[PDB]
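Residue numbers (the authors' numbering), protein chains in the order written: chain E, 2 to 150, 179 to 556; chain B, 922 to 969. Positions of the beta carbon are idealized from the N, C-alpha and C atoms, including for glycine. To start, the structure under review is shown below, and the notes come after it.
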Amino acid sequence: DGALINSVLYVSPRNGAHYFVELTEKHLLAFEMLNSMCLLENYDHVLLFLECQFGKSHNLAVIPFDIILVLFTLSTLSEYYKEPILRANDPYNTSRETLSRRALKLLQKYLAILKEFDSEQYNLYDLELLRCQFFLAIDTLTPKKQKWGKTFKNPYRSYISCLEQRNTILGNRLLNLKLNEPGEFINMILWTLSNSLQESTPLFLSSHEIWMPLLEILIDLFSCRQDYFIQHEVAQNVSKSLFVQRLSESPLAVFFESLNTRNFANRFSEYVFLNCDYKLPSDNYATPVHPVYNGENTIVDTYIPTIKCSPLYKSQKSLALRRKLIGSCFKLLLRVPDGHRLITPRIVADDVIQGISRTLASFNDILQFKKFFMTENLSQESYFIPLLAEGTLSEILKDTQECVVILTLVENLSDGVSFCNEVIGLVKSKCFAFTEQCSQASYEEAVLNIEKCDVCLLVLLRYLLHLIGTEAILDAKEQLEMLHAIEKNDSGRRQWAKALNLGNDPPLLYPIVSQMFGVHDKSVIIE
Amino acid sequence: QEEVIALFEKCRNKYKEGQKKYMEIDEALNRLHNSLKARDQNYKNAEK
């Protein structure tokens, strides 16, 4: 794909690492200076060293991998529960910002630098060295074997690392060491996913200030590492059976191996959507969660929480993080050769799709459902989101209507005519139409099912527009008939809108399809 | 009554001198506290 995965000019592959890049004199001196400052617990000048030359020069100042780990640990020293320690370390807050916030900002900015290789903005050697440092940090952050509930190796011999003689930064154990414990990676994931929607101030602050940004960074880095592994670590041509074995060793495979549990499908579905609006089915056992770093769940007296986030904001961020987790899972899965299945993680694409569809179709709040299905970039999430949409649609049609019509819309995204014909078939079957067997008393749940159905179809329609554009909406009579059938379902729902069971108007998707590709309600108002 | 009024005079003089001493010592202590904090920061920076 891009240069980040296919730039190996300056690499010096070794047994432990294939991305390894040797140090030059300037970078060696920078590494030595950063480690020397980190030894003295002068983290303020470490951050100042990194920030003072960020964006002000053509050449790039590369963060060493052990300094990256130090920054990862620093990002866990949030002010709301570590204010006295941070004030003691830096009594003269010359930057007017917490060490945690500065370290996290540097991590995210360097991740942004790494995600796109601007060979014109930065020379290629610095970018490759930065990639090597980040990959070394990730390889040091390999999860331990999942638990229900080796010290430090420096590849560079040119300098002594600061992490060799220490394991805590400011009373917080190093993030790699904390997560290289049997049941802490899954614990961290469940903790952040549960507290992403908490209304308790300490738990929400723990999720919002520490763990969601760190999880974002870690997932992005693991995705990049997975791409590099698939590009280089594998042996290109393969008997399709050794490739599965190599994929079982992939960084995402080890990442999700700490999430295997007993049954990956259902437990994973509960894990990703933990503390969501869906009703818990089959009385699944509650997942214990504990703070990762001592008193994360307490607010120190000196700190005064003076920030308020609306429920939409929190739900949007939490659902985006959940989408990232699911997308990493599907990114690992889609490389599995057909017929074969992974050895170490007992994961199947169909099982995960069905589980996510079961959890999505069980949402009783439409806001979280839409937040999950509303994405700002369609191309980025294009490889799994349509599958989840079609699966949730199929399950909703299954529970609402006794006759389950097989949906081929995903491969019908290739041909708009086929997609429109299938939409016509579903709506004429009245499965997409509002169902008469639903009683007056249970009208609200039927409305919920229909509005979720409309959301799923809208997602598939946006993807169809993304793959074919707007060319034959009226030129092909099939799409015109699809629009008229949407109007027919509009009339069908309006029948009960006039039946006056509730004052609230039922969900009608004609205006939305009109705005997207209905040509503003066809010729109702245009002509 | 003369002895008691002289007693009040000496009592008020001792009271005023005690408050003068208390202000002097409190001012010295506050100045020393601020100076100690500044010196601690200076020494930490120099040592680093």
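Applying a beta-carbon distance threshold of less than 7 Å, which residues of chain E neighbour residue i?
i, result
"B:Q962", "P92, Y93"
Going along chain B in order, which residues have a C-beta closer than 7 Å to the C-beta of residue i?
i, result
"E:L41", "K969"
Check residue i in the structure and name its three-state DSSP category.
i, result
"E:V542", "helix"
"E:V329", "coil"
"E:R370", "coil"
"E:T197", "strand"
"E:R186", "coil"
"E:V273", "helix"
"E:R291", "coil"
"E:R97", "coil"
"E:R202", "strand"
"E:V318", "coil"
"E:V47", "helix"
"E:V553", "coil"
"E:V12", "strand"
"E:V22", "strand"
"E:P144", "coil"
"E:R102", "helix"
"E:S58", "coil"
"E:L303", "coil"
"E:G532", "coil"
"residue 166 of chain E", "Missing here is residue 166 of chain E; chain E as given proceeds from 150 to 179 without the residues in between."
"E:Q260", "helix"
"E:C191", "helix"
"E:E500", "coil"
Give me the Cβ distance between residue i and residue j, rounded to the nearest whole Å; I'm assuming they're in contact under 8 Å.
i, j, result
"E:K360", "E:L281", "7 Å"
"E:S79", "E:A104", "Not confirmed; about 11 Å, so no contact."
"E:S311", "E:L371", "Incorrect: roughly 26 Å between the Cβ atoms, too far for contact."
"E:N124", "E:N60", "6 Å"
"E:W525", "E:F463", "6 Å"
"E:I541", "E:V548", "Incorrect: roughly 13 Å between the Cβ atoms, too far for contact."
"E:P65", "E:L29", "Not a contact, Cβ separation roughly 10 Å."
"E:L107", "E:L40", "Rounded, the Cβ-Cβ distance is 19 Å, inconsistent with contact."
"E:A514", "E:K457", "7 Å"
"E:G384", "E:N295", "6 Å"
"E:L112", "E:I246", "6 Å"
"residue 168 of chain E", "E:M241", "Because chain E is numbered 150 and then 179 with no intervening positions, residue 168 of chain E cannot be located in this model."
"E:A349", "E:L362", "Contact flag wrong, Cβ pair sits at about 20 Å."
Could you tell me if the beta carbon of residue i falls within a distance shorter than 7 Å of some heavy atom in the ligand SAH?
i, result
"E:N16", "Absence of the ligand SAH from the depicted structure is noted, as is the absence of any ligand whatsoever, leaving it without description."
Which first and last residues belong to the alpha helix (DSSP H) in which residue i is found?
i, result
"B:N951", "923-968"
"E:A475", "472-497"
"E:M38", "26-40"
"E:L243", "241-257"
"E:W220", "214-224"
"E:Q345", "340-363"
"E:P231", "230-235"
"E:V71", "66-75"
"E:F461", "Element bounds for E:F461: n/a, residue is neither H nor E."
"E:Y126", "125-141"
"E:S520", "506-528"
"E:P85", "80-90"
"E:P211", "That residue, E:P211, is in no alpha helix (DSSP H); it is neither H nor E in DSSP."
"E:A282", "280-286"
Go through the stretch 389-453 of chain E residue by residue and report every complete run of the alpha helix (DSSP H) that reaches 4 residues or more, in order. 395-402, 414-429, 438-441
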